[PDB]
């Protein structure tokens, strides 16, 4: 197999600007078995990694563009695993992961974007965000009371948190992603879409295996109970912050190998639009390289 069948499926995963979203209805969380096999995918996935390494190697040397890659997802979605697998084939000098956590005091003394702007990737580098500024329209939207404890949010009472407030954030975010898009950054955003069913399965597997037992937090359940509120926030974000510049992609997360294949595939596709090449050796340089070979060969 090859990428022929998949390539049309991928197009559906892109979120078109301002198209309405029904996550339960429209977007699946498991792969259709009629498309590919787990074995076929593992082979293509492997091509994806090697091809992504070539791109990264050319991106580093070209030093013209940076790449920002966002991963947003519910707990047990497979973010960390996805990040890890994608970075296994890359060179660690041109790639940084930043796994954003609950803000620090210093971070809350700044606008909510500041800690993200600070962590942006440089020319020739790939930055990966395991969670992002989009947390400020997700967990914060499910729990508006947090806003009261962010001095910079400008939210003094809970009643001033309305759809106009989130529209204003979408705009802020969109302006942010537009400015960096206009200044060298290729932004790609992935929503790893895991279903309640598979989340419950993974949560239990985590709770039964001693290797993962110690790690499991019970607060993850508090957020599962707000599934519907999270679905509302995701759907609204997706509709208002996916652009042709900074597109969102909804990726099914119930089958991990398949999640990893799609993401690898989409990153390659989007970065191939840059037409990256290794630098060419001029005649002058080729002559210098050949003088050096001669010197080495003519050693006592």
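Numbering follows the first chain given and starts at 1.
For the cut-off of one third of the other compared entries, residue 32 qualifies: that many or more give it no coordinates while modelling its flanks. For the segment pair 202-210 and 142-150, the entry gives 202-210 the higher mean B-factor, averaged over Cα atoms. 131-139 and 151-159 differ in mean CA B-factor, and the higher of the two is recorded for 151-159.
Across the options 65, 58, 273, 38, the residue with the most elevated CA B-factor in the record is 38. In the deposited entry, the Cα temperature factor of residue 32 places it in the highest third of its chain's modelled residues. Sort the modelled residues of the chain by CA B factor and residue 92 lands in the highest third. Residue 216: CA B factor in the highest third of modelled residues in this chain (values from the PDB entry).
When the CA B factors of the chain's modelled residues are split into thirds, the value for residue 77 lands in the middle one. Sort the modelled residues of the chain by CA B factor and residue 25 lands in the highest third.
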